[PDB]
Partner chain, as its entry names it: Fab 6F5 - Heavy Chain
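Before any questions on how it binds or moves, here is one chain, the form solved without the partner chain, in structure tokens.
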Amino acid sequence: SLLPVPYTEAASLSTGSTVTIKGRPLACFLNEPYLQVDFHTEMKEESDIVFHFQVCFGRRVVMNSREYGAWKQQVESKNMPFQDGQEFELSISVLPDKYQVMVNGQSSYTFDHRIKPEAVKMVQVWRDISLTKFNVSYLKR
């Protein structure tokens, strides 16, 4: 749709920041489209990932970090609030201890900080979605 995918935006995060994403899967859930959101430490796509969030729509979600080039301990969830064929609204809030992921207004996943969120310099949203909205909030000190 409107925004380019893969979508990359320079970003800074700290406690109180919110990343808001509105989009739609490009395929029915039977075909297992993916969504991935990565919070990177540099603008380069091969840079480390403080927070990796990968949805296989209809199946599972995996979360991880990639540190000095290596994936660390995977967290896997079978929670699946996303609805087949529907637009979704994803909110990722930076809390003192964790990221909190809201899906269509419902708390759905959390991930404890492994690296300070201040290390983030870039957010990438990619895989099998169209994107109509992306925002990072910058209202807090």
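Only residues modelled in both forms are compared. By rigid core we mean the largest C-alpha set that fits within 1.5 Å across both forms. Residue numbers count along the first chain shown, from 1.
The same protein also exists as the form deposited with the partner chain bound; that form is not shown, yet it is the one meant from here on.
Engineer: Indicate whether the partner chain has at least one heavy atom within 4.5 Å of a heavy atom of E87 in the deposited bound form.
Structural biologist: The answer is no: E87 has no heavy atom within 4.5 Å of the partner chain.
Engineer: Can you tell me which residues in 47 to 71 come within 4.5 angstroms of the partner chain in the deposited bound form, by heavy atoms?
Structural biologist: The stretch 47 to 71, when checked against the partner chain in the deposited bound form, contributes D48, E67, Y68, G69 at the 4.5 Å heavy-atom cut-off.
Engineer: Please list the stretches that shift between this form and the one not shown, defined as three or more consecutive residues with CA displacements of 2 Å or more after core superposition.
Structural biologist: CA shift run, sole hit: 138 to 140.
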